[PDB]
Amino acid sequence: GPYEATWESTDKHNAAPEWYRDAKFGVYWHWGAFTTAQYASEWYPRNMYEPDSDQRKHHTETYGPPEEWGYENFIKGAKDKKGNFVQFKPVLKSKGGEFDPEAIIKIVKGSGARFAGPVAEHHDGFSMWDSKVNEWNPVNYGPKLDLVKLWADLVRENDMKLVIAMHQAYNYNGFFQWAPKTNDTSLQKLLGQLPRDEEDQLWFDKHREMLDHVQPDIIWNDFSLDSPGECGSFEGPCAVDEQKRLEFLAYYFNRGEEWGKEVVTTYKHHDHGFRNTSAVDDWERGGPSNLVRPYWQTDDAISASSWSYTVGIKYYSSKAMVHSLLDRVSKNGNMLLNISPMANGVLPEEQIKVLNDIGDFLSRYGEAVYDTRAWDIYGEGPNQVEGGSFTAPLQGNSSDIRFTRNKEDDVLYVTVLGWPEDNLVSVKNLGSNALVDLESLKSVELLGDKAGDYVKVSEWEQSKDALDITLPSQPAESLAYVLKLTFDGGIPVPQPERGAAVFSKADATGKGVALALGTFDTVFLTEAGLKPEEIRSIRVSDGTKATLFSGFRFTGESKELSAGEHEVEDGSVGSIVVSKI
């Protein structure tokens, strides 16, 4: 194939193809041998060995000391302290058991997911496909089923793109740091104790074997690709050999070409192991606080506990999941939602209800979500995401709106996160203070009870503070409500209260991009719809300054501009920093 194992060659791969930007919402599942204990989290295989931990205490009381009853017993099977046989061994419904993967995939399809699939290998060394390179798999042991192939075939039967999640780097970069050393070479493979050159090779061989086996549309990767300092107390680079990373990228991108498919690979945002030229950044739970470019994704979970089922697990609400989805999509990302089947393969009814409720929302209001793109401002209102460390998912109300727009850039969707009891939606960024001319606003419509229904909004006025929209009669109840604003000849470019707007003509007209406070490089401005070489004017808000740089990313000659309108020489700007005075 045309890709070579170098950064410069692999950079040419299109990171986020149009189908992936259109998709918005996917579902995956942390289900595996790490679920067997149904205790604490999916990190149980690591923590069962940790000195003085709650997980070790539980393990020791339930099974035996971890030095005698090691993690490998969950895969190969053993008796617990009360003489019960314990093993990861889901039994198909068609064989009289409780594991019904077809039913689960129908539920996932019904949720509105446009991509779906399993965690194929987490950090615990167990590959869930029929693997020649790793004997630690569910065909050799346990259920005698190729779980990954079963899931993949069902996902394709149900007309969703296939995502496969792979977390196999941390396996040998510290996950099993507390497991006893072993001279059993097979057990060393499970526990990440092989020589590092062999482990680096195995990281690649696992990816290669899996991706040739199921032809994934997306390969999702966890951390420890090159994330020094993120592997706790283990002495090591918290990384995969660079050559092996590059060989993976070239192999997968070449296979995509061979298959006639536009493929995607994701990696954790903070990790340095891949580049954002060719791989999609996957933000920590909650996502970014701001609108980020280029296109990115984040993962979330129904569970309010761990990623994998545990006894006593608590869940978040349908509302939180839907509001979270709208938030991520408005900020130029996708949301990949995790679900948590029990060790036996049963999906709990509380999770089914959440998925059903997301699906009801998307079936009805999908026009505002699928196939849309972010505006230049993600939303308005008091309820926001902080970023950094996740506490609880976003839940908004009638005070909050999130924006999305169509590909033609003449329809703005204004999604309000509750029904306003005052029957008013006020859009600050379309008010007169926003320097927005609404002469071109042709229609304002409320999306109705079923997709394709529109109820006209008759009354609206533009104050200084906002476009003030009076709602018609409330439609059937929903978790959020959608207004559709159609403009002749393109959505107006708002002026942020503190921020700037850049334009393709010299007089603050033409194509434009609104900018908040922050830093905006050539990639940002280009993706937002205005290559910086084409900027010919800028309007800087009161209380704000803008610093223009000639370089791609805040290097080269710079010029500071205060509040007002300013002409800009063609080809003079590469990047911009917008700051509060």
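The first residue of the sequence shown is number 1, and the count goes up from there.
What stretch has the higher average Cα B-factor here, 167-175 or 496-504? The entry gives the higher C-alpha B-factor average to 496-504.
I need to verify one thing: averaged over C-alpha atoms only, is the B-factor higher for 388-396 or for 314-322? Of 314-322 and 388-396, the stretch with the higher C-alpha B-factor average is 388-396.
Out of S278, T404, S131, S473, whose C-alpha atom has the biggest B factor in the entry? That would be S473.
What's the residue among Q201, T372, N254, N84 with the greatest CA temperature factor in the PDB record? When the deposited C-alpha B-factors of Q201, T372, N254, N84 are compared, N84 is largest.
Please rank the C-alpha B-factors of the chain's modelled residues and tell me whether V540 sits in the lowest, middle or highest third. Middle third, going by the recorded CA B-factors of the chain.
Ranked against its chain, the third holding the CA B-factor of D11: Middle third by C-alpha B-factor.
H30 - which third its CA temperature factor falls in, relative to the rest of the chain: CA B-factor rank for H30: lowest third.
Just say lowest, middle or highest third for the CA B-factor of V119 relative to the other modelled residues in its chain. It belongs to the lowest third of the chain when residues are ordered by C-alpha B-factor.
Going by the entry, which third of its chain does the Cα temperature factor of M48 land in? Tercile = lowest for this residue's CA B-factor.
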